[PDB]
Amino acid sequence: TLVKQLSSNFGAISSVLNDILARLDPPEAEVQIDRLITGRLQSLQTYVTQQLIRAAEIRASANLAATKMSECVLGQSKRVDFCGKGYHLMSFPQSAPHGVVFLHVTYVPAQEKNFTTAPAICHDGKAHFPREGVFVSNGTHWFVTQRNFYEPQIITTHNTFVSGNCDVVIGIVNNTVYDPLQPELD
Amino acid sequence: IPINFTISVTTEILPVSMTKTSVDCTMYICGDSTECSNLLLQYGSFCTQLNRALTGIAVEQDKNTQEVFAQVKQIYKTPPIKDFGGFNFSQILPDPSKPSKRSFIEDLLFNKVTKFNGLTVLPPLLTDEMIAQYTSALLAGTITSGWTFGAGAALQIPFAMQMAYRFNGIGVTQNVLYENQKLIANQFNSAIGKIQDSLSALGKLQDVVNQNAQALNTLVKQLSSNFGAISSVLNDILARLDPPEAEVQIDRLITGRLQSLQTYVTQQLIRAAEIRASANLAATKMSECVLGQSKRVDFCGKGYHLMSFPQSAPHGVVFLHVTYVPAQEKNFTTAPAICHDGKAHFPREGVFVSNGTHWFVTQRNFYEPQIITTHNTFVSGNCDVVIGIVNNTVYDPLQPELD
Amino acid sequence: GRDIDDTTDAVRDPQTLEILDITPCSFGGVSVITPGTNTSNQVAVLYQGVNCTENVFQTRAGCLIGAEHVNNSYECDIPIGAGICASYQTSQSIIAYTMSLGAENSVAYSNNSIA
Ligand SMILES: *[C@@H]1O[C@H](CO)[C@@H](O[C@@H]2O[C@H](CO)[C@@H](O)[C@H](O)[C@H]2NC(C)=O)[C@H](O)[C@H]1NC(C)=O
Ligand SMILES: *[C@@H]1O[C@H](CO)[C@@H](O)[C@H](O)[C@H]1NC(C)=O
Ligand SMILES: *[C@@H]1O[C@H](CO)[C@@H](O)[C@H](O)[C@H]1NC(C)=O
Ligand SMILES: *[C@@H]1O[C@H](CO)[C@@H](O)[C@H](O)[C@H]1NC(C)=O
Ligand SMILES: *[C@@H]1O[C@H](CO)[C@@H](O)[C@H](O)[C@H]1NC(C)=O
Ligand SMILES: *[C@@H]1O[C@H](CO)[C@@H](O)[C@H](O)[C@H]1NC(C)=O
Ligand SMILES: *[C@@H]1O[C@H](CO)[C@@H](O)[C@H](O)[C@H]1NC(C)=O
Ligand SMILES: *[C@@H]1O[C@H](CO)[C@@H](O)[C@H](O)[C@H]1NC(C)=O
Ligand SMILES: *[C@@H]1O[C@H](CO)[C@@H](O)[C@H](O)[C@H]1NC(C)=O
Ligand SMILES: *[C@@H]1O[C@H](CO)[C@@H](O)[C@H](O)[C@H]1NC(C)=O
Ligand SMILES: *[C@@H]1O[C@H](CO)[C@@H](O)[C@H](O)[C@H]1NC(C)=O
């Protein structure tokens, strides 16, 4: 755009200074010279303002990139959908011409199953609360497992804790919890 | 230590996009005067540059909305059964009874908000129905599938267990929610009603529309300016002048109006940069607050954060934060640690509290004394290095087994 | 007669002595959508701001010429405006439709079920 805009009379006689400085008397050349100077200065002003705008935009993007490099690479981030899609494991950077390339390694659940759950469990009239997982039952008994991986376990006193009677917690169910210490008593 | 708590709702509004415009360089500067166009062609590529810049702004406008409101590829619809675990969601969810697919809050917001010179205006790519559909889908997803649908396939979870997890993420045990869920439901419903009444203001939205209107009006008013010539009407100047020397007035008018366009385009670019930065911030807020729980302080609302709620607005988006805040206070005596038999003890996660009658351990955000066991604490080192400590026994649940 | 812009829009004829209205007649802009030089050559012109007065298909974004209108839903490929997207699907020709949004599926959501 600049080099094209150089060659344009801007309402003057021609585009060549030498031609202007030859055809006309020097006291008469100043009008054409002034017109050309004004036109070229205006064009340069336009170009520089536009370039300044784009440089500001690129600087903003670069600070974004620096933040992403600082967070994703140098350890994990709980910020969901910030260091990739889904849960985040790590990230590996790469150098590309006038830029960077990130490789986010992620975790995604694949397939699931229907299950029957309940908020809390009643064993001795006093309630029990799971410490890290959920109460699920496929039909036979109740089981505790992590939040996002099916690892059924036998409910134990070391898996839950008591907080009061079962007369206020809605949705509780009747079942039993096995104590590993009782058989050891003999 | 707190003894009671209230659940609140707070609001914050962010602009997303402006009204795209488009001004033809040549047709604005000169009307039907063909020779006015011819003299302009001497100056070169100014018109092309301006046209390209405005088209770039126009496309970036739709880019913003595409970025901030397109996070789900599965349009999740709320099941017909309402009253999710005792919470009344009737003002936010779009009622099928209403012809327009908005709901009460959307309608209130949308009602609350207020070409021969080339002032062409183009419509956006997405209709208000589309953005309403996005809002409904996101709301249903985050109200039925918890947070585990922005990371993969949606998984149905009862609302009670969802909030129970959300408490577990802030530093309180699951007991509090299930013990007082009717109270929390009543408080949440009251808060929603209060915020509904409050809007019945939008200081960050009427500003940008007024800005654009002022700029466009200044452009249009600039036409009547003579700019140091005989008159202002191109046709009038044409009739009373001669082509051999008409160049003076026409040239002066060209220069003046071109300079005006330069100023206007620079202002529009600056405003576009600001708006796009705001939209990027809004997108980050959508990714963090909505599809998850963020531990960053006073970012997803004020105070401890639980869960957010998005909405729709004219040229903007309205967020609803649901936080959790301590209510009452009660002083207590503390001790850095407790010594039992010459062995130092430290609490596992809570803190030692002495009513004066005895000693108890409770978490940091909801008073709930417990008998000091060996499972709520652990031992390490002697008691002769800690600055402050008190003498008190530690119960052992192994004693009843000794019968 | 003037307007908010102080521009002539109403005149009195010295002969008939009547109120005459003036309305703009210069208007229009051209947008051309193509499926690509490599693919085919059929094109569908678009006019930005004119009523369908001058196979037509009127939309709020203007008057469209040279495209078949269908109710069949499809994922949006190229934009025009007001939720209308064009494509090169069937032989093959230029078609227009309301924008589609993925697929619809609710969730089970039993008040005592988990996944
Ligand atoms: C925490 O504060 C709430 C809000 O006041 C209390 O809930 C009130 O309890 C009284 C006492 O029964 C009732 O009469 C009110 O109807 C309840 N609601 C309101 C809005 O006042 C709650 O009791 C407080 N917590 C404790 C442990 O007292
Ligand atoms: C699932 O149910 C079957 C029969 O009802 C039972 O044998 C099995 O133990 C159950 N699953 C687990 C993990 O216990
Ligand atoms: C779930 O809904 C059914 C529908 O009537 C009801 O009978 C049942 O008590 C509900 N369960 C809980 C835990 O609210
Ligand atoms: C659980 O058992 C107790 C004691 O027999 C009984 O009172 C209560 O109704 C039972 N509840 C359920 C849900 O089985
Ligand atoms: C929610 O509150 C509104 C307010 O009047 C009421 O009309 C509606 O029936 C309530 N819904 C439920 C499920 O309680
Ligand atoms: C803090 O509460 C205790 C209750 O034991 C009270 O004695 C004390 O005066 C309170 N502190 C102040 C500054 O009032
Ligand atoms: C606490 O402050 C009081 C006030 O002077 C002082 O007498 C006491 O020794 C201090 N104890 C500790 C453990 O800092
Ligand atoms: C705790 O008891 C021991 C045992 O007599 C004693 O030496 C120590 O001074 C006591 N700590 C106090 C009084 O703070
Ligand atoms: C002037 O106007 C009158 C009334 O409109 C008409 O009768 C007459 O012919 C006109 N004469 C001229 C010279 O325009
Ligand atoms: C056109 O596209 C096809 C497949 O997309 C490709 O095989 C072919 O080389 C392309 N031709 C040209 C001229 O681009
Ligand atoms: C186009 O003109 C016809 C004829 O008056 C009119 O019925 C129709 O509403 C117009 N359409 C638009 C979009 O202005």
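What comes next is a walk through the structure.

Moving on, we get to the packing of aromatic side chains. Residue and element names in this part refer to chain B. On inspection of all chains with the given rule, the structure shows 21 aromatic pairs over all chains. Where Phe89 meets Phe309, the ring centres are 5.6 Å apart and the plane angle is 80°; that geometry is what we call edge-to-face. For the pair shown, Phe89 and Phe309 are each scored as buried. Ring geometry for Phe167 and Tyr324: centres 6.0 Å apart, planes at 50°, overall tilted. As far as the burial class goes, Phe167 and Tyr324 line up, both buried. In textbook terms, an aromatic cluster arises when at least three aromatic residues are bridged by ring pairs, as seen for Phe5, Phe167, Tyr304, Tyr324 and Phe366.

Now for empty space enclosed by the protein. Roughly 130 Å³ of internal volume is contained in the largest cavity. Residue lining of the largest cavity: 14 residues in total, with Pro119, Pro130 and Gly133 of chain A together with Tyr165 and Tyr178 of chain B positioned closest to the centre. Listing elements by their share of the lining of the largest cavity, those giving two or more residues are β3 (115–118), β5 (126–130) and β6 (134–137) of chain A together with α6 (159–168) of chain B. For the lining of the largest cavity, the element with the most residues is α6 of chain B, which contributes 3 residues. Considered class by class, the residues forming the lining of the largest cavity number 10 nonpolar, 3 polar and 1 charged.

So, about the sheet that holds strand β4 (residues 44–47) of chain C. Residues and elements named next belong to chain C. Sheet architecture is open: 4 strands sit in the order β3-β4-β6-β5, paired in antiparallel fashion. Lying at the two open borders of the sheet, with one neighbouring strand each, are β3 (30–33) and β5 (56–59). Along the sheet, successive strands turn relative to each other by an average axial angle of 20°, direction set aside. Relative to β4, β3 runs antiparallel, the two being bridged by 4 bridges. The partner of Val32 across the bridge, within β4, is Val45.

With that settled, the discussion passes to the interface of chain C and chain B. Facing 26 residues of chain C, the contacting portion of chain B comprises 29 residues. The three residues of chain C that bury the most area against chain B are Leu101, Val107 and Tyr109 of chain C, which together make up 27% of that side's buried surface. Counting across the chain C and chain B interface gives 0 salt bridges. Along the contact surface separating chain C from chain B lie 5 residue pairs in polar contact. Among the elements that line the side of chain C that touches chain B, the one with the most residues is strand β9 (residues 78–81) of chain C, at 3 residues. For the side of chain C that touches chain B, the residue count by class is 14 nonpolar, 10 polar and 2 charged. Relative to strand β12 (residues 103–104) of chain C, strand β4 (residues 74–75) of chain B runs parallel, the two sharing 2 bridges. Bridge pairing links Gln74 of chain B to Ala103 of chain C in β12 of chain C.

Turning next to unusual backbone geometry. A positive phi is found at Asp81 of chain A, a non-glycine position, where the angle reads about 55°. Mapped onto the fold, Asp81 of chain A is located in the loop between α3 (26–73) and β1 (87–96). With phi around 55°, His315 of chain B is a residue other than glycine that occupies positive phi space. Taking relative accessible area as the criterion, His315 of chain B reaches 39% and is therefore assigned partly exposed.

Moving on: the interface of chain A and chain C. Frequently, the measure chosen for interface size is the accessible area removed from exposure when the parts meet. Listed per partner, the contact involves 7 residues of chain A and 4 residues of chain C. Taken together, the two surfaces of chain A and chain C that pack against each other cover about 400 Å², and 62% of this comes from carbon and sulfur. For the interface between chain A and chain C, the tally reads 0 salt bridges. For the pair chain A and chain C, the number of links is 2 residue pairs in polar contact. Here the side of chain A that touches chain C takes 3 residues from β3 of chain A, the largest share from any one element. Residue composition of the side of chain A that touches chain C, grouped by class: 2 nonpolar, 3 polar and 2 charged.

The subject of this paragraph is the pairing of strand β11 (residues 95–100) of chain C. Residues and elements named next belong to chain C. Most of β11 sits out of view: 5 of its 6 residues are buried. In this sheet, β11 lies alongside strand β7 (residues 68–69) in parallel orientation, the contact comprising 2 bridges. Bridge pairing in β11 links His69 to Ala96. Direction of pairing for strand β8 (residues 74–75) relative to β11: parallel, over a ladder of 2 bridges. Paired with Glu75 across the two strands is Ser100, which belongs to β11. Where strand β10 (residues 84–87) lies against β11, 4 bridges are found, and the strand directions are antiparallel. Along β11, the bridge assignment pairs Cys85 with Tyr97.

It is worth spelling out the pattern of salt bridges at this point. Per the stated rule, a full pass over the model turns up 15 salt bridges over all chains. The residue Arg79 of chain A makes a salt bridge to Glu288 of chain B at a minimum N-O spacing of 2.5 Å. Placement of the pair is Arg79 of chain A in the loop between α3 and β1 and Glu288 of chain B in helix α11 (residues 247–290), with the two residues belonging to separate chains. Neither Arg79 of chain A nor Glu288 of chain B differs from the other in exposure class; each is buried. A salt bridge links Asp124 of chain A to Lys126 of chain A; the shortest N-O distance between them is 3.1 Å. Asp124 of chain A gets classed as partly exposed once you look at its relative accessible area, which sits at 48%.

About the cut-offs
- Residues numbered from 1 in each chain as written, not as in the entry; some residues may be left out.
- Chains lettered and ligands numbered in written order.
- Part of a larger assembly, values for the part shown.
- Heavy atoms only, no water.
- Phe/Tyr/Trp six-rings, centres within 6.5 Å; stacked < 30°, edge-to-face > 60°.
- Buried < 20%, exposed > 50% of the residue type's maximum accessible area, 1.4 Å probe, protein only.
- 1 Å grid on protein atoms, 1.4 Å probe; cavity = no way out; pocket = protein on both sides within 12 Å on 5 of 7 lines; lining within 4 Å.
- Points joined across faces, edges and corners; volume = space filled by probe spheres on them.
- Helix = DSSP H or I, 4+ residues; strand = E, 2+ residues; numbered from the N terminus.
- Nonpolar A, V, L, I, M, F, W, Y, C, P; charged D, E, K, R; others polar.
- Pairing = 2+ DSSP bridges.
- Axes fitted to C-alpha atoms, helices over the stretch in contact; angles between N-to-C directions.
- Contact = heavy atoms within 4.5 Å.
- Buried area = accessible area lost by both parts, 1.4 Å probe.
- Salt bridge = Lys/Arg side-chain N within 4 Å of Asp/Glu carboxyl O.
- Polar contact = N/O pair within 3.5 Å; in protein donor to acceptor, adjacent residues only side chain to side chain.

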